[PDB]
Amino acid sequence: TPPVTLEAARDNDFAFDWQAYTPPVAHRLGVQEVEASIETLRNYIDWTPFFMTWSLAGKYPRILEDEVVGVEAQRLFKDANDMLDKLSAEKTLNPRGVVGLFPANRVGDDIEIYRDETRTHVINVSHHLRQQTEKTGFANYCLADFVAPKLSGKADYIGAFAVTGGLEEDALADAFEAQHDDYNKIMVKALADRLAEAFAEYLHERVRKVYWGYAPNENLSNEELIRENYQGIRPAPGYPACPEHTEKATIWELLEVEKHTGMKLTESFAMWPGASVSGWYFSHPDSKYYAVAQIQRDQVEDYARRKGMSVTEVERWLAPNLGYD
């Protein structure tokens, strides 16, 4: 579909009656360091991507009873759970995280994050991009649209998180590598990945039910969590609704991630440990995932101004989303 101007895209933002809506108030404002044991997180693992890493097709648990691949899948699952048992008993891989909730309001394509409920001084801005092609029967979506506009006067909130399977991932993998034990190197990295993703799932549930507290009586099974049968989203910088990786620096500052977890950002804004997830929390019932996709020079230049970057810098960080040479 052909591109639209930045102004035309913004004129087609997500349409919602903010005057009639009361955004749920975050129960626990502030930043809290968290941990979770392997024993806790293993009940939140989604095993299907684990088998994909091992090049096996099928959804868990049915894959275990498969007539062609089930026997190999059962051995992988047994070895994985034997390793989880050992890591758990020996405390050699320790998942850690941090969560924060803040007063927030939308201004334009950005979300202002306030020091306090006076909603005056801004401690950080979460910057977002907007879909920029012709939409038929849908808004030109921007994640900022799911937070009440400052002009509406409605008290709204935003969350953020960072979690890891554990800082020990590299030391455990590097030991297997030194032994030329490629099977167990792959296994421990795959388990750290499952633990990080399980922590992101568990912590999101904690936020919906307790920290934000808008769904205190939610009672979903793990299969229902995997199907995303809850209200709200947890979009992560680098993924299609917020592809720009440098926004992880804002999460790192907002949550003091390195102080609270030991997790670090690289010069490419990749996370360390490898088995890590970071992102935002949105409570709005209509919030959803989508792809920003290709954007034009007008939006690139505007994003650069908002970010305090040159156009040249932004063209590096937005290279995959540029709809022009």
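Residues carry their position along the shown sequence, with the first being 1.
Q: Look over 239-247 and 99-107 in the entry and identify the one with the greater average Cα temperature factor.
A: Looking at the record's C-alpha B-factors, the answer is 239-247.
Q: So which stretch wins on mean C-alpha B-factor, 137-145 or 83-91?
A: Taking the mean C-alpha B-factor of 137-145 and of 83-91, the larger value falls to 137-145.
Q: Compare the CA B factors listed in the entry for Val69, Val31, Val300, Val34 and report the winner.
A: Comparing C-alpha B-factors across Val69, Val31, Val300, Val34, the top value belongs to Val69.
Q: Using only the C-alpha B-factors in the record, can you name which of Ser126, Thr118, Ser152, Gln179 has the highest?
A: Across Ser126, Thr118, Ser152, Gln179, the entry lists the biggest C-alpha B-factor for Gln179.
Q: Would you please rank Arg194 by its C-alpha temperature factor against the other modelled residues of its chain and give the third it falls in: lowest, middle or highest?
A: It belongs to the lowest third of the chain when residues are ordered by C-alpha B-factor.
Q: When the modelled residues of the chain are sorted by Cα temperature factor, does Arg10 land in the lowest, middle or highest third?
A: Middle third of the chain for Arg10's C-alpha B-factor.
Q: Taking the entry's C-alpha B-factors for this chain, is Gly279 in the lowest, middle or highest third?
A: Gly279: CA B-factor falls in the lowest third of its chain.
Q: Looking at the entry's B-factor column for C-alpha atoms only, identify whether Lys264 ranks in the lowest, middle or highest third of its chain.
A: Middle third of the chain for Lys264's C-alpha B-factor.
Q: Place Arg306 in the lowest, middle or highest third of its chain's C-alpha B-factors, as listed in the PDB entry.
A: Within its chain, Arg306 is a lowest-third residue by C-alpha B-factor, going by the deposited values.
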